[PDB]
Amino acid sequence: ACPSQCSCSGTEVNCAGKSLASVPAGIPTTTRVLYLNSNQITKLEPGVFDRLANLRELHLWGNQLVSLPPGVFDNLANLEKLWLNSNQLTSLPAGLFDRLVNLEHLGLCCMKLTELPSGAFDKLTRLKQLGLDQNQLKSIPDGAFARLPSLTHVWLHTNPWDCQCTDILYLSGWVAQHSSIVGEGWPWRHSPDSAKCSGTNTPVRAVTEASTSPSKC
Amino acid sequence: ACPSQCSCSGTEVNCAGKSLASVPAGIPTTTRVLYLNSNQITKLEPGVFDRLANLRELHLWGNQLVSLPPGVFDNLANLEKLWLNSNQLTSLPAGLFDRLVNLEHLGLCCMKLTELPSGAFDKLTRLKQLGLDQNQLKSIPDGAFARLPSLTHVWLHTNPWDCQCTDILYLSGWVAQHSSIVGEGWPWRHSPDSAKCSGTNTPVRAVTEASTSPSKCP
Amino acid sequence: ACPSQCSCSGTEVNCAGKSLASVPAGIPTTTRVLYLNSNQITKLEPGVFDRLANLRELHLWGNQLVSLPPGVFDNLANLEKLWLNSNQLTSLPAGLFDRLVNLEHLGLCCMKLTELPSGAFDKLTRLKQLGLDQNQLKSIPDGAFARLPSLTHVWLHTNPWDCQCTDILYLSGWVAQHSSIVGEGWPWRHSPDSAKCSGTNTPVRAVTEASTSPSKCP
Amino acid sequence: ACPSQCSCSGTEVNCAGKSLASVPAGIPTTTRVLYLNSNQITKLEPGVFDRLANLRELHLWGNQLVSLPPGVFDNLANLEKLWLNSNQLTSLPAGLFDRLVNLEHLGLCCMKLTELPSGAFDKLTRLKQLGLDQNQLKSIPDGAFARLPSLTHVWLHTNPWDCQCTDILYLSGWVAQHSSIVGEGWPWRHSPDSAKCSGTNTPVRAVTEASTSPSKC
Ligand SMILES: OC[C@H]1O[C@@H](O)[C@H](O)[C@@H](O)[C@H]1O
Ligand SMILES: OC[C@H]1O[C@@H](O)[C@H](O)[C@@H](O)[C@H]1O
Ligand SMILES: OC[C@H]1O[C@@H](O)[C@H](O)[C@@H](O)[C@H]1O
Ligand SMILES: OC[C@H]1O[C@@H](O)[C@H](O)[C@@H](O)[C@H]1O
């Protein structure tokens, strides 16, 4: 029972590039792949996806979202790919991704993220690809990647990483350890020195405790 | 065990856009996603994918392939997406897709295909999306789509369909009966009149046997 | 005199990517390069650029403009580059570029243009690069490019050219004659067959009147 | 007589992204805009550009150049834009830019520059924009910018400025005095405190003489 603005066949619903200001009503409950990208959507109602439990791929990139409701994805237990790139988010609510236990790809690039909440990714045991590039992050909270045992590809470049603050040391030691999975481009290419210290141009992985201080935090 | 030209982490190997003239040796057996697109590969050796039984997605688009070896995909029983868009193929060998019983997406657009072999798609019981747009096809062999029970999206536009010839009548009847799945664009948009007759720019789905003739076949 | 929203030094004013809904007030009259791309502008107020006669480069790309007022560019006698790529325009008003006699680059790609007004480019004696790719154009009005004596680079691909209709023949003879300037990509790469007939996949330069009809002109 | 690898129409030659190891022969003498970016060029042949006296724009960014011949630009009297971003240069030879008297844009970012020759920019009376960000620079020679009367935009961020050493005082006083033109981004955004001290992450323009010592240099 397709939204008039969209095309629907099978389990795919394509509403992309239709100048929409909100998520249309009447997206079928059988939908598995939902394209809402490249619109002008300015917010998501809490509840807007409560009925779309069969989603595996959700494309929200290229909209104008400025925050997300904390429980907006809680019913999407089948979700495998989530693309939020190129919105205007500055933060993510605690618990946003907690129910997404089958998620394998998460695109967060090209926003204004300035921090991530501790535990943001703790439930994502299946996550393989995480894009955090081209945001405004200055550090990653301690242990933010410790429960991502499936991660094989991460993008961290093009952030203003603050390597003067002792807060960097989780990320420096993590990239040093996991350098094989740090890269850039689409599809991913290996690029472990692409996370750079915004002040000094030193690779994040090369930062040492002795050069940092808590008073620069 | 990555070829030096490529990047490899986890089960993905990215050799895209590396000016490669052939598929590099040493792609790991555990590979699931393999990007070979946007190179200068002009032929594939038989056997090249024989070790890569774990592949789920194989991207061969944007090369200069002018033929495919007949059994080149025979060991890829797990394959779900195969993209051959934008190569230079004019035909496909009989049997080529027979082993791809789990294939869900097949991209053949933007080549020079002038015909498809009879039975090309008969084994693809799980196929969902089939792209045949932007080729040089004039008709579809009788019963070509009869064993595609999973098909939900097909692209047939931008081909010079020959609507004078009796051979068009399978495709015309087919499009009429499956109009909900025929479209255009990426991702797909609904467009059932987008398969058009070369001589009149009339929709293919409107053709009836009253206007076709066996003597108008080339 | 910098708008608070933007950065200004020299004769360059950068208001790009600032989530703007309108052209900010007080852009200094000395401005030569104005970046207003990648915002949320849906319309322009008539007069908006009347004080900015010193502009040489105007960047409007990546907004959501739905139309342009007919004399919005009339005072920009110094303009050399004008970029309107990736807006939502479906047409252009008569005379819109008439005053832009020093224009050298004009980007009109990736919109929804369904036609070009007659005489749209007739005053653009210095135009060198013209991007019309990725629109909804079906044909070019007879003689539309006759007065572009400095044109060296044109992009015409990704439009649904209607080669069944007799009206295509201006454009087919023109691309045939000027094939060395037809291309794709940024920066431009040579690609003379990239303008294709939407119905048949024949290159537009290859079309002749043996295959067209005046009765097939919707 | 267009090189086989390239596309040429009018006065523009596009040889970008073609795996070239050298500049191809047969670039026309009438060429005004030359794209050689994004190739595999590690060195240029002496004289390679001597015939190309009509160039206005020369894109060399994204190669792997390790050095430049001192006279390689000498015949380019009409050059207005010169992009060398993202090569591997560590130094520049004396007088490299001396003949480029019409140059308006000069891109030197994203390399490995560890110093600039004094006098490097002394002939660039028309230079408007100068990108020096993302290198390894520790200071700027006394009077380096004194003959850049047209400069309106300079990027100095992401370099490890040594603010202990008295050699910084030319740059700190210059940035304090020309703070209106110091910025970041593409296109330029105003960011006067984006030049930062290596050991403190404090702004280079806030450096006092009392905090320095000629000893560390
Ligand atoms: O998976 C995330 C990746 O997504 C792409 O869309 C993006 O260009 C990359 O920069 C990276 O973020
Ligand atoms: O999956 C088939 C589709 O694939 C896209 O890559 C292509 O641009 C479409 O026109 C269609 O062929
Ligand atoms: O001059 C117009 C050109 O503008 C570019 O931004 C675009 O990618 C090209 O496709 C072409 O239209
Ligand atoms: O003119 C130089 C400028 O060039 C851009 O290409 C680069 O992103 C900037 O960071 C700045 O250096």
Side-chain angles (χ1 to χ4, degrees), chain A residues 12 37 59 61-62 81-86 104-111 127-135 151-159 183-189 191 194, chain B residues 12 37 59 61-62 81-86 103-111 127-135 151-159 183-189 191 194, chain C residues 37 59 61-62 81-86 103-111 127-135 151-159 183-189 191 194, chain D residues 12:
Chain A
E12 176 175 298
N37 55 283
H59 294 65
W61 56 271
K81 302 184 185 178
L82 178 57
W83 305 109
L84 284 157
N85 322 23
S86 300
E104 290 179 9
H105 296 256
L106 177 54
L108 290 170
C109 88
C110 315
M111 295 187 303
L127 187 51
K128 298 186 299 191
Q129 299 206 11
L130 172 58
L132 293 168
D133 49 303
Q134 306 179 244
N135 270 301
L151 190 71
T152 43
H153 296 84
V154 67
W155 285 255
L156 294 164
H157 69 76
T158 314
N159 283 287
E184 42 175 298
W186 185 236
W188 182 106
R189 310 181 299 276
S191 198
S194 65
Chain B
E12 174 168 308
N37 55 279
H59 291 245
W61 57 272
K81 304 186 190 179
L82 176 60
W83 303 107
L84 285 159
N85 318 31
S86 316
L103 193 74
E104 284 184 6
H105 293 247
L106 175 58
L108 291 169
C109 87
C110 323
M111 292 186 290
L127 193 70
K128 289 159 65 200
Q129 299 202 16
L130 176 58
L132 291 175
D133 48 303
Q134 308 177 69
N135 277 290
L151 192 72
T152 53
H153 295 81
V154 66
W155 284 251
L156 298 162
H157 69 82
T158 316
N159 278 288
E184 56 178 295
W186 185 263
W188 178 101
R189 299 180 310 271
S191 202
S194 66
Chain C
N37 53 283
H59 291 246
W61 51 272
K81 301 181 171 178
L82 177 50
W83 301 106
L84 280 170
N85 307 26
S86 307
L103 201 65
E104 293 186 12
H105 294 258
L106 178 52
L108 287 175
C109 91
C110 320
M111 286 170 325
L127 187 51
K128 289 157 56 196
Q129 302 202 17
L130 177 58
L132 284 173
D133 53 299
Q134 308 175 67
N135 279 293
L151 196 67
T152 55
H153 298 85
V154 65
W155 287 252
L156 293 166
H157 69 79
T158 311
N159 276 288
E184 67 183 280
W186 187 247
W188 180 101
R189 306 169 344 247
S191 196
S194 67
Chain D
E12 174 169 304

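Throughout, a chain's letter reflects where its sequence line sits, starting with A, and its residues are numbered from 1. Atoms within each ligand, like the ligands themselves, are counted from 1 in listed order. Below, all heavy atoms of this structure are taken into account, side chains as well, without hydrogens, waters or symmetry copies.
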*With backbone taken as N, CA, C and O and side chain as the heavy atoms from C-beta onward, which portion of C:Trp83 lies under 4.0 Å from ligand 3: side chain, backbone, both, or neither?*
side chain
*Do C:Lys81 and C:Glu104 have side-chain heavy atoms sitting under 4.5 Å apart?*
no
*Indicate yes or no: at least one non-hydrogen side-chain atom of C:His157 is less than 4.5 angstrom from one of C:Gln134.*
yes
*Can you find an N or O of A:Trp186 that's nearer than 3.5 Å to an N or O of ligand 1?*
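N/O-N/O distance below 3.5 Å does not exist for this pair.
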Students should be able to answer this: which protein heavy-atom is nearest to [atom], and at what distance?
atom	result
atom 7 (C) of ligand 1	A:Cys109 SG, 3.9 Å
atom 9 (C) of ligand 3	C:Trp155 NE1, 3.8 Å
atom 2 (C) of ligand 1	A:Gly131 CA, 3.6 Å

*Can you spot which of B:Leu130, B:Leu84, B:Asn85 makes a side-chain contact (heavy atoms from CB on, under 4.5 Å) with B:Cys109?*
B:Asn85
*For the residue pair C:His105 and C:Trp83, categorise the inter-ring angle as parallel (less than 30°), tilted (30 to 60°) or perpendicular (more than 60°).*
tilted
*Fit a plane to each ring of A:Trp188 and A:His153, take the angle between them on a 0 to 90° scale, and name the class: parallel (under 30°), tilted (30 to 60°) or perpendicular (over 60°).*
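Aromatic pair A:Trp188/A:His153 classed perpendicular.
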_Identity of the nearest option to atom 10 (O) of ligand 3, non-hydrogen atoms only, from C:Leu84, C:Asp133, C:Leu130, C:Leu106_ =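 Looking at heavy atoms only, C:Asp133 sits closest to atom 10 (O) of ligand 3.
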*When you check the side-chain N and O atoms of C:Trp61 and C:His59, is any donor under 3.5 Å from an acceptor?*
yes
*Give yes or no for whether the N/O distance cutoff of 3.5 Å, strictly under, is met between C:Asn85 and ligand 3.*
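By distance alone, the answer is yes.
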